[PDB]
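Quick note on labels: first sequence line is chain A, next is B, and so on, each numbered from 1. Computed over heavy atoms, backbone and side chain alike; hydrogens, waters and symmetry mates excluded. Indexing begins at 1, ligand by ligand and atom by atom, following the structure's order.
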Amino acid sequence: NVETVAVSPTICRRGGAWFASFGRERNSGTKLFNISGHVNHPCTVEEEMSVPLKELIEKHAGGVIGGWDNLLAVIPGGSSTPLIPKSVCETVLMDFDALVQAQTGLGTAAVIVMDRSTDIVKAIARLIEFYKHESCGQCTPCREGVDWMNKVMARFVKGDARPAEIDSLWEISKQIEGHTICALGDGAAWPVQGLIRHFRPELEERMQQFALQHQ
Amino acid sequence: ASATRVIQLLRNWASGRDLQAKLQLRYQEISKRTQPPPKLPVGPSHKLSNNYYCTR
Ligand code: SF4
């Protein structure tokens, strides 16, 4: 990676011990963070490795638009990392191990925040559409399954599905994950898994609204 | 049955039972030859999840 290559001369000049003095053990150094989405001051900043998420957001991004209580979910490490709700983001550290313990993973340390005034399902479906348009199509699991999940999420956004299809989509994501040539399939299955795990009531309520309004 | 009463009593006495109670020729008591459409439910393996064939 560009950052990995760029930090090496400084590591050599200042010594590895100085770089290891930052962060936690197995999580040493400093990281570049990209905060985007629903913050007052989206920005790119370099900060100590195991920084708390809320402290990072408040000190650098100016806070969440409408306050911290207005926060709904955060994508901490780019589109390939599963989302976490506000409760997890309250006391979560920004490093590999602690974010894996949160079932997310650090990824590229790209923080995408979402307040309570936005459609989480629509954003996840947009990410799945991005993965559908970016898959190379070499292997059948990624190609066919990601197209399938794109269609399923498009139906989910309108509520045109039935509640029994949420588990079917979860099983499809399980089938895609770990069975592809590269990690694009994993990076497409994970956002769906996180969205289901943390917002199944939202999907069910959307489906029932569609069911009553269409009879 | 379009049988007169005298013949009815004669056959009842000859056989020794009551025959109009149990007749051997079908009449309007049978079902209609035109029936409403059915629905025919599905089996237990028609689930959308947790339905891997290796487990059944
Ligand atoms: S998983 Fe990777 S290799 Fe397979 S089709 Fe998708 S992008 Fe291509």
- Query: Hey, is A/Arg155 close enough to A/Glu165 for a salt bridge, meaning N to O under 4.0 Å?
  - Reply: yes
- Item | salt_bridge(A/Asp97, A/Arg26) N-O dist < 4.0 Å | no
- Message: If you define the side chain from C-beta out and look only at heavy atoms, does anything of A/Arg13 sit under 4.5 Å from A/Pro9?
- Response: yes
- Message: Please check: side-chain N/O of A/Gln175 versus main-chain N/O of A/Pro141, any donor-acceptor pairing under 3.5 Å?
- Response: no
- Task: For ligand 1, list the protein residues that place a heavy atom within a distance below 4.0 Å of one of its atoms, sorted by chain and number.
- Result: A/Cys136, A/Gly137, A/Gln138, A/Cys139, A/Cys142, A/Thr180, A/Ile181, A/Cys182, A/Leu184, A/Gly185
- Greater than 12 external heavy atoms within 6.0 Å of B/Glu29's CD: yes
- Query: In chain order, what residues pass the side chain to side chain contact (heavy atoms under 4.5 Å, CB included) check against A/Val157, with sequence neighbours excluded?
  - Reply: A/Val121, A/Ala125
